[PDB]
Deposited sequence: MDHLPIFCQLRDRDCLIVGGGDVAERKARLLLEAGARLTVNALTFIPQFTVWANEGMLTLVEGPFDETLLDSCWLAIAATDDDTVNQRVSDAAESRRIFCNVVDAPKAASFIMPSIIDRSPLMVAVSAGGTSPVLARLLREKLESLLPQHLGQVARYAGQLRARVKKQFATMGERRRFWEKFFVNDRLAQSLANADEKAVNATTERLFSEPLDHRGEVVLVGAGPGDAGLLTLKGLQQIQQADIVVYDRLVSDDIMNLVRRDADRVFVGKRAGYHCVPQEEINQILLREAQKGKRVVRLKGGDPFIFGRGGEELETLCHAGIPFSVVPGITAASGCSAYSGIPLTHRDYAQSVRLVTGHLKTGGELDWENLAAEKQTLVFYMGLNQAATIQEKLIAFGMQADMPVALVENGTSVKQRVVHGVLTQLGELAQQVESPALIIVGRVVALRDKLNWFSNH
């Protein structure tokens, strides 16, 4: 990331502002409200500084920059109109390791000031890093509409209850169930805003009085095929709120960046399958919220059935969030719809990785008016070619292979059936094989990239 956002306690801590005009003023107001012990060192001062100095709210130092003023300081702000003076202030601060903002110069400061949406004690800060000040302000206002004014009264009450919530709940997993109920009780929010105390207490005592469900849970979540925009709303919720995320390798890194930062991640795979099952079951028995995060959809060649059947009579609550399967993701992003008027009456989602002694039913697969989609079929493209031709599929039937579909790394090779073996040599997994006349639609429908 460009920056690390932090929230500083500035109460009773020395801060220095060099500069005395309109920019200096605005930053000083900020620092005063955070409780900084503030000195302002400037050649000249606009009247607001006189106001503040006369009522004992800051110290004014009238004259050129005095770097010894930095000596006791946690933060410094260079707000003069003189680039030279500002750079001297910046240098002096770096030597002392004091975080420094240079108002005219986002790239040269050691911190920048964010735009602040204030719902104290709840605060939202947004910044483009100085690159895009207009985007920040349009975000700033969109955030404003989204955050109810009274959210502060809810967050304020939460802090007052924290001691009581720590005493009455011994676990920290039971404390989460209480807060999750607390923060979405609309009547409680309302009664706080109306300062209706008897209503606040009535709802509050009921909340405390509620037997919490101690059982854990397992949720199979489909990550989709890679593009993180293709995660579902509910999938996002589960991974934002999970205690532990068990995940395989076809889950994308961008999707992993959406996991609760505070949650335990457990990788499986490139681990046997019955291994995975018990990892979940004992972990859900242990009372924690477990997400099995799976590539694409969990019930299309994900073995999600296997992972769940372990839990049915083991009394473990479970649930399933479907995901965008590879055929759907690769259909959309290659410009190759899986159906179209009648090019196809069927879509066949077919595995290539078959049993110890399993053979696909080629005679059936070669039938006309369908879109074939092979999962896990890279290493048998030549066999797929040879069999489909032998059971009637025309030689010039168009095919496509989508490698890393929906990713910024997505590659699409295509051609006709007698090239399928050759084409497959030009991709690595994960790749999907699409066979059918809809592959020709690519050139009119392909919207996402030429790779």
query	finding
Missing residue ranges, deposited sequence indexing starting at 1	271-276
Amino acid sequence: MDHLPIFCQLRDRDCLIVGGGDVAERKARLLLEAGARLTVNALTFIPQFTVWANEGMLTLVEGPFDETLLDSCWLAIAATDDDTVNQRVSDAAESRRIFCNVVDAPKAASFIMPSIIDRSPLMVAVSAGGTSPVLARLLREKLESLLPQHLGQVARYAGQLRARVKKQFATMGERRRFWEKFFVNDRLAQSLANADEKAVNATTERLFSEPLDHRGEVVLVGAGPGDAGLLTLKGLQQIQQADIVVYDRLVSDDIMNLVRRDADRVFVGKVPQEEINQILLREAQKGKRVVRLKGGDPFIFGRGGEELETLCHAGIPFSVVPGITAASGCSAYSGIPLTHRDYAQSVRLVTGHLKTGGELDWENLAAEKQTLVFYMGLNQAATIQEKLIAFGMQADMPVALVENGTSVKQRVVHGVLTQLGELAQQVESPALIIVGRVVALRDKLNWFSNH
From here on, numbers count along this sequence of modelled residues.
property: Which of 225-233 and 359-367 has higher mean CA B factor, as the PDB entry lists it; result: 359-367
property: Per the entry, higher mean C-alpha B factor between 241-249 and 111-119; result: 241-249
property: Candidate set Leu220, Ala195, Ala105, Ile279 [ranked by C-alpha B-factor, highest]; result: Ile279
property: Residue of maximum C-alpha B factor among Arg88, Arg137, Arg96, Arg206, per deposited coordinates; result: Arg137
property: Assigned third (lowest, middle, highest) for the C-alpha B factor of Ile17; result: lowest
property: Third assignment of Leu212 from its chain's C-alpha B-factors; result: highest
property: Ranked C-alpha temperature factor of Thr325 among modelled chain residues, by third; result: lowest
property: Ranked C-alpha temperature factor of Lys181 among modelled chain residues, by third; result: middle
property: Within-chain third of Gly305 by Cα B-factor, per the entry; result: middle
